[PDB]
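Both blocks below hold the same protein chain, though in two forms, and each is given as structure tokens: structure 1 and structure 2.
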Structure 1
């Protein structure tokens, strides 16, 4: 089949702690049939760097996340296509209905929005609210008629301009892990707690470029 007609099977089950939600399937993800295949994405690196996974995994391990990590995947819109930040209001709205339907069925503890962009779209087409001063992290609203929380993290795509490297985004994966543990009553080692991360944008871009040039 031609790439734009392909879809990406989501990975959902009951009793999940986290569901990673993006706008729609990326080109490489749809092509390979796995969620967030790098190197143009920082998801898997951040997943390990934040301690959400025990070892460094890759897109071919996505199927193991529900069972071993209580993590699943899906997207706002199932249709594959670049420029998805500007899809029609009607397509987003319909995708939102389907997404909320799945969340109300599986009831994951936290709906994790991969980037402010997708959460902004979700709020507009589902809540009917243009969010003002959207902050990263936990949001005050839950998925319609459920106890599922909404958590917003920086986009994992390498295209994210605000955060050039995986390490510039991992802070929120760490905060997500801390929240997750709290919900499960998992003993949190309060000896050390990361509370803030700031960096120099330009040096980060240059660093990201260099590492990208080094062929392993």
Structure 2
């Protein structure tokens, strides 16, 4: 229902659990609010102006940020996705990453990665911490970074100011690598 906005040689690709009802209707990646995503991006410095879901297709290629989503179907969401739903979901994800070889995969939401590690790596992870996870996407030099959901539904991060921090860190990792070159 909600397409991918991937190109080759992306620095960052943002992975979302699934598209919300609002995103399904609206057709563009991260509308809301509550979605910090757009605000955080501008706040973090990842974009120098504030933009919004209407600009989602400009992001690879102005910014080299592509969107995609672990599960393409729309739910409310998110509590309603089966446990098997993601499993067949993430598999497709890997293949995408493999093809596209972005520098960094950014997992918007710990629930995503928590199942991802379990099923793609085969590791139940202890007490996950946001930020960089050790591993690479298997046939590629693409690094996984985990970040709390943009969705305002998670309580522990009340505001865009609360999650901006990860976005700043992500930018750092980006121009670390880009820089070494």
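Residues that one form lacks are left out of the comparison. Between two forms, the rigid core is defined as the largest C-alpha subset superposing within 1.5 Å. Positions refer to the first chain, counted from 1.
A.B. asks: Which structure would you label as the form solved in complex with the DNA, 1 or 2?
C.D. replies: Number 2 is right.
A.B. asks: Hey, does residue 109 budge by 2 Å or more at the Cα between structures 1 and 2 once the core is superposed?
C.D. replies: False for residue 109: its C-alpha shift is below 2 Å.
A.B. asks: Comparing between structures 1 and 2 on the rigid core: C-alpha of residue 83 shifted by 2 Å or more?
C.D. replies: The answer is yes; the displacement is at least 2 Å.
A.B. asks: Hey, core superposed, how many Å does residue 38 shift at the CA between structures 1 and 2?
C.D. replies: Rounded to one decimal, the shift is 2.2 Å.
A.B. asks: Align on the rigid core first, then pass along the CA displacement of residue 173 between structures 1 and 2 in angstrom.
C.D. replies: In the core superposition between structures 1 and 2, the C-alpha of residue 173 moves 0.1 Å.
A.B. asks: Once the rigid core is fitted, tell me which blocks of three or more consecutive residues have Cα atoms all displaced by 2 Å or more between structures 1 and 2.
C.D. replies: In sequence order there is one run that relocates between structures 1 and 2, which is 82-90.
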